[PDB]
Amino acid sequence: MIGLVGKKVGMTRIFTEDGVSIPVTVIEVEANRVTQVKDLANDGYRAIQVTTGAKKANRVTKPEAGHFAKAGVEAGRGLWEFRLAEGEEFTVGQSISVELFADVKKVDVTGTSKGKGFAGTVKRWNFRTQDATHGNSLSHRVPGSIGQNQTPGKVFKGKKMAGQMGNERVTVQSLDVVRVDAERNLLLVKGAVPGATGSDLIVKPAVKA
Amino acid sequence: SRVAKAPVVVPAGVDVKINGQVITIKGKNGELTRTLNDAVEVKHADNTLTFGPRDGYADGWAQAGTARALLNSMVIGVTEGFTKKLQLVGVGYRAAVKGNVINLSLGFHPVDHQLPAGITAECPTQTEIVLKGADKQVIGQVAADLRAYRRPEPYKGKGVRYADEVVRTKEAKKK
Amino acid sequence: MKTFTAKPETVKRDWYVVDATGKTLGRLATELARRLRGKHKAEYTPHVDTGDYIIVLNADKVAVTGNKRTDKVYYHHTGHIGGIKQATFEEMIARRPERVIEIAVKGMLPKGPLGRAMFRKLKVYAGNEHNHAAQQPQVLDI
Amino acid sequence: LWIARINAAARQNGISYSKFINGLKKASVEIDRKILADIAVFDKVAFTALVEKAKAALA
RNA sequence: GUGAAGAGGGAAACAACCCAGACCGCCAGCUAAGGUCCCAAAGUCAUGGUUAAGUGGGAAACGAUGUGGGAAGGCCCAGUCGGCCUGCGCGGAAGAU
RNA sequence: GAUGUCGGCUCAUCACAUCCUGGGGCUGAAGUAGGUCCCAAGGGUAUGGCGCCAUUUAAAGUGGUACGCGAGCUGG
RNA sequence: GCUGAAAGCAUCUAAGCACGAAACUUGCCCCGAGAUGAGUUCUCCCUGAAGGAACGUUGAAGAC
């Protein structure tokens, strides 16, 4: 079924009554509004496309303004779309609230992780380190050997080396939901969601058991 | 060959619908159809279906022996039916016939399996099961379904076995 | 004087439809690759394409002889470190029938730019309804 | 090149290439392959008469 | 005998294997070794059989009711039995980008 | 008119003639624990001391790749 | 394993049919129309437009 689009705020703890702390995180959600509904007889898949937030008058181009004005809804920060779950039907202009997550109790959170730049091999792939004394010269963190001699002649595809690390889309599964506040529009979920503060997080019900 | 040439009497209460290579004997116990090997030429005459070979075909009478042999069940089992018997010796395994469902508990979870339409099971005693049906190939398969759970272990004979089957017990390793 | 060479601008091309129910693979692909190259015209020239457009229907109904139904294996290499992929005939014809025809005709044609230019003509379809009805193709019996 | 040209133009009329050359050799005609190919390209009306004569002379 | 001191065509590629010894030219013909379904010029040719293993397209001692043809038998009012010569097959048969 | 040699560190790749884990036949296989063979290469396979010892673990498999790897390190 | 002849019986097989592994194709996560087969849908502009780029304040983005 369909999820929500929110914004990570911070990380805090929650005290249960028996004296056990629970490390949670807080996701702020504004009321998502349905801008488009697709169906099988025109495209080939059933899915809804929603928006959230608010944007300025100048920064929105003309065709996006017309496309939003067809549905009669206000502007938004970004557009996302969720695959419909084969037997739900929702109209155009309906606002998807936060009350929907009062029963699922098992969600997965999808987001963009941090980015650590051009990180080396030891930070990326967890290599090991050569000796720092006993004659070792000009080699403390290099990868080392990378293959054979006069037989393959080529380094095989998929070799683990240096590169850009982080800034990748990722998904953390099987996170317990803890507290849903439909009056101040918040969602407190136990665990550690990916991404820095101020990003965009996608919350879906867990596709596994 | 000698089983092929013998005319088997096909009694009334049946239909002989040769719909080409396919045969329908819609009657007392349903139908059984199958593209018949293009070799076995069949022909309806009188209370029998005459099989011969068609030219250019390698098996010929070899396949006609099958056409008279396995489809002798087509002659007989429609009006007579067939009945199988099973027993079990040794206590500790329970398989119960709840309708078309068979449930079973053996010291393991209980496992389930299913019974087809034209098969009826009766238990005149707590240990003996009698199965009535329509087709030889179906009752043999449900026999392989029922026997495979607690197959007869050959030391103390415990398990589920047939009524007429013999199983030879032996010693238990003196030294 | 000289032997005439067939110019590319003045050439003419037709459209054909080939039914493939119950045919064997090799003795159909041979005629397809013969007509696509343009060897059945009296205007043949080995460096100029002169073939004919061909549409093939009922590709899933093609048949093969003997135990090639199961024994014949199709391989490809992913190019990666240690992977290689295989598939039998049944799984491939269940997944897609277009690649079975398009991998057999491809080997029978020359290699190079003219090979791809010739292969661009053939257009196979899995079912029995083609979407090229506006060009008025002629039914050809092979 | 010429052999393939004559072979296609002869198979268009219902006779393979080998029987074509066999019939022309038996009918005492010594036109070689270049003139045959050029005639087969430009004017089919003479080529079908040549093919018909070869078919008559073969059998 | 060939190469060294020899090109051409065939054996996928392949100095020493098979056919054959290049003075120069031409958009002419007949053949040798090898071949005629497409890549790649020429038979989807004609008559009678064999193989069902992709055998053809790698191999031994040994083994088995695979299959075609032939000679000689023992018993028998509708056949059965296992011995011999012979053509084609099957198992024996596991390598590292 | 030059193809740098054994062991160790870092990094691996592949085969199966299989050490563990999964499926079975036979057993001189009551059970537990075993012996051998058939199928199976997806994952894993220890630390110290001078071939052996001490102690863990389900396990501490057999092998080519210039007896892998010095325009990567070590000079024992 | 079931039925079943060639070989009157028997037989997992020659014809059809049912089970059967951390293995195989799916399933789970990510990339993905330079897939030249270059795909799909919604809106906007044209009888100097829609927009894009240069410049500036910069970032939990970053070697440029």
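The numbering scheme counts residues from 1 along every chain following its written sequence, independent of the entry's numbering, with residues that lack coordinates not shown. Both sets of labels track the order of writing: A upward for chains, 1 upward for ligands. The displayed chains are a subset of a larger assembly; all values refer to this subset. Hydrogens and water molecules were not included; the side-chain quantities draw on all heavy atoms of the structure.

The deposited coordinates derive from cryo-EM, with the record listing a resolution of 4 Å.

As recorded in the PDB entry, chain D goes by 50S ribosomal protein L20 and comes from Escherichia coli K-12. UniProt positions are given in the numbering used here, feature names are shortened, and annotations may be inferred rather than shown by experiment. Listed in UniProt under the heading Function, the comment for chain D reads: "One of the primary rRNA binding proteins, it binds close to the 5'-end of the 23S rRNA. It is important during the early stages of 50S assembly." A UniProt comment under Sequence similarities is attached to chain D, and it reads "Belongs to the bacterial ribosomal protein bL20 family."

Chain B is annotated in the PDB entry as 50S ribosomal protein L6 from Escherichia coli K-12. According to the UniProt record, the Subunit (literature references left out) comment for chain B reads "Part of the 50S ribosomal subunit." The heading Sequence similarities in the UniProt record of chain B holds the text "Belongs to the universal ribosomal protein uL6 family."

A. Representation of the overall build of chain D. When its secondary structure is counted, chain D shows four helices and zero strands. Helix and strand definitions here come from DSSP, where helices need a minimum of 4 consecutive H or I residues and strands a minimum of 2 consecutive E residues; each element is numbered from the N-terminal end. N-terminal to C-terminal, the α/β element order of chain D is α-α-α-α. Structurally, chain D occupies a C-alpha span of about 25 × 20 × 20 Å along its principal axes. For each residue, the accessible area found with a 1.4 Å probe, counting protein chains only, is set against the maximum for its type, and the residue is called buried under 20%, exposed over 50%, and partly exposed in between. For chain D, with 59 residues in total, the buried portion stands at 32%. In this description, contact between two residues means that some pair of their heavy atoms is separated by no more than 4.5 Å. When contacts within chain D are restricted to residue pairs at least 6 apart in sequence, long-range pairs at least 24 apart make up 69% of them. All accessible areas in this document rest on Shrake-Rupley with a 1.4 Å probe, and a residue is counted as covered only by the protein chains that are shown. A total of about 3,600 Å² of accessible surface is found on chain D, and carbon and sulfur atoms cover 55% of it. Of the side chains in chain D, 10 bear a positive and 5 a negative charge, and the two mean positions are spaced by 9 Å. Counting rule for charge: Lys and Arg are taken as positive, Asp and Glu as negative, and neither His nor the chain ends is counted. Charged side chains are reduced to one point each, which is NZ for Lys, CZ for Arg, CG for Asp and CD for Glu.

B. Main features of the environment of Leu186 of chain A. Mapped onto the elements, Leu186 of chain A comes out in strand β9 (residues 186-190). Sequence-distant contacts of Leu186 of chain A, that is, excluding residues within four places in its chain, are made with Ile27, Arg179, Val180 and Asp181 of chain A.

C. Quick peek at the environment of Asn167 of chain A. All names here are of chain A. For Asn167, the position within the fold is in the loop between α2 (121-124) and β8 (169-181). Spatially, the C-alpha atoms of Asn167 and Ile202 are 16 Å apart, while their sequence positions differ by 35 residues. If we ignore the near neighbours within four places in the chain, the residues touching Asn167 are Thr112, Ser113, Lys114 and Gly115.

D. How the structure looks around the protein's contact with RNA strand F. Neighbouring residues are identified by heavy atoms, a residue being near a molecule or strand if any of them is within 4 Å of it. Residues in contact with RNA strand F amount to 23 residues; listed here are only the nearest, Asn136, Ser137 and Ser145 of chain A together with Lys170 and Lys173 of chain B. Restricting the count to atoms of RNA strand F within 4 Å of the protein gives a sugar and phosphate share of 67%. In protein, a polar contact means a hydrogen-donor-capable atom and an acceptor-capable atom, both N or O and within 3.5 Å, with residues adjacent in sequence counting only if both atoms are side-chain atoms; elsewhere, any N or O pair within 3.5 Å suffices. Within the side chain of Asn136 of chain A, a nitrogen or oxygen atom sits 2.8 Å from a sugar or linking oxygen of RNA strand F. Residue composition of the surface near RNA strand F, grouped by class: six nonpolar, twelve polar and five charged. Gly falls in the polar group here, along with every residue not listed as nonpolar (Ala, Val, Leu, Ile, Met, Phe, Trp, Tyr, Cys, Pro) or charged (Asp, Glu, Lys, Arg).

E. Structural detail: the interface of chain D and chain C. Between chain D and chain C, the residue contacts involve nine residues of the former and ten residues of the latter. Regarding the contact of chain D and chain C, the summed buried area is about 860 Å², with carbon and sulfur atoms giving 58% of it. Whenever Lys or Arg places a side-chain nitrogen within 4 Å of a carboxyl oxygen from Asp or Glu, that contact is recorded as a salt bridge. In this structure, the connection of chain D to chain C is made through zero salt bridges. Elements that contribute at least two residues to the side of chain D that touches chain C include exactly α1 (2-11) and α3 (33-42) of chain D. With five residues, α1 of chain D is the single largest residue contributor to the side of chain D that touches chain C. Throughout, the accessible surface (probe 1.4 Å) given up by two parts as they are put together, summed over both, is called the buried area.

F. Molecular detail of the sheet that holds strand β5 (residues 123-124) of chain C. All names here are of chain C. A pair of strands counts as paired when DSSP detects no fewer than two bridges linking them. Reading across from one edge, β5-β2-β1-β6 is the order of the four strands in this open sheet, with parallel pairing throughout. Only two strands of the sheet have a single neighbouring strand rather than two, namely β5 and β6 (138-139). Bridge count for strand β1 (residues 15-19) against β6 is two bridges, and the pairing is parallel. Its bridge partner being in β6, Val17 is matched across the sheet by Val139.

G. Spatial organisation of the packing of aromatic side chains. For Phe, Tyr and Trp, rings pair up if their centres lie within 6.5 Å, where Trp contributes its six-membered ring, and each pair is then called stacked (planes under 30 degrees apart), edge-to-face (over 60) or tilted (otherwise). Taken as a whole and judged by the stated rule, the model has four aromatic pairs over all chains. Relative to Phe42 of chain D, the ring of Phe4 of chain C lies with its centre 5.8 Å away and its plane at 45°, an arrangement referred to as tilted. Placement of the pair is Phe4 of chain C in the segment before β1 and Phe42 of chain D in helix α3, with the two residues belonging to separate chains. Looking at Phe42 of chain D, the relative accessible area reads 53%, which means it is exposed. A centroid spacing of 5.6 Å and a plane angle of 85° characterise the contact between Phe20 of chain D and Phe47 of chain D, whose relative ring orientation is edge-to-face. With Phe20 of chain D in helix α2 (residues 17-26) and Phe47 of chain D in helix α4 (residues 44-58), this pair connects stretches of sequence that are 27 residues apart. Note on accessibility: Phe20 of chain D and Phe47 of chain D belong to one class, buried.

H. Molecular detail of a positive patch on the surface. Residue and element names in this part refer to chain C. Patch membership requires more than 30% relative accessible area and the absence of a salt bridge. Residues of like charge join within 9 Å; the nonpolar side chains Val, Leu, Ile, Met, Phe, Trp and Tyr join within 5 Å. Residues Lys106, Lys111, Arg116 and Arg120 make up a contiguous surface patch of positive charge. Summarising the element assignment, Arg120 is placed in the loop between α4 (113-119) and β5. For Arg120, a relative accessible area of 61% translates into the label exposed.

I. Molecular detail of unusual backbone geometry. All names here are of chain A. Of note, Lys105 is a non-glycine position whose phi angle comes to about 65°, a positive value. Structurally, the position occupied by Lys105 is in the loop between β6 (95-96) and β7 (106-112). You can call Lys105 partly exposed: its relative accessible area is 39%. Even without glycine at this site, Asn126 takes up a positive phi of about 55°. Judged by its relative accessible area of 64%, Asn126 falls in the exposed class.

J. Highlighting the protein's contact with RNA strand E. Neighbouring residues of RNA strand E: 24 residues in total, closest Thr3 and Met108 of chain C together with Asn7, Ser18 and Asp32 of chain D. Residue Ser18 of chain D places a side-chain N or O atom 2.9 Å away from a phosphate oxygen belonging to RNA strand E. Secondary-structure elements contributing two or more residues to the surface near RNA strand E are α1 (26-37) of chain C together with α1, α2 and α3 of chain D. A class-by-class count of the residues in the surface near RNA strand E yields seven nonpolar, six polar and eleven charged.

K. Structural view of the side chain of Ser199 of chain A. Its place among the elements puts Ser199 of chain A in the loop between β9 and β10 (201-205). The contacts of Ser199 of chain A, once residues within four sequence positions are left out, are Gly6, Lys7 and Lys8 of chain A.

L. Quick look at the arrangement of the chains. When the two pairs of chains in contact are compared, the highest contact count belongs to chains C and D. Chain B makes no contact with chain A, the minimum C-alpha separation between the two being 21 Å.

M. Seen up close, the pairing of strand β6 (residues 94-98) of chain B. Residues and elements named next belong to chain B. For β6 and strand β7 (residues 101-105), the ladder comprises five bridges, and the chain directions are antiparallel. Counterpart to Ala96 in the pairing with β7 is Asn103. The turn joining β6 and β7, which pair antiparallel and follow one another in sequence, is formed by two residues; a positive phi near 65° is taken by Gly99.

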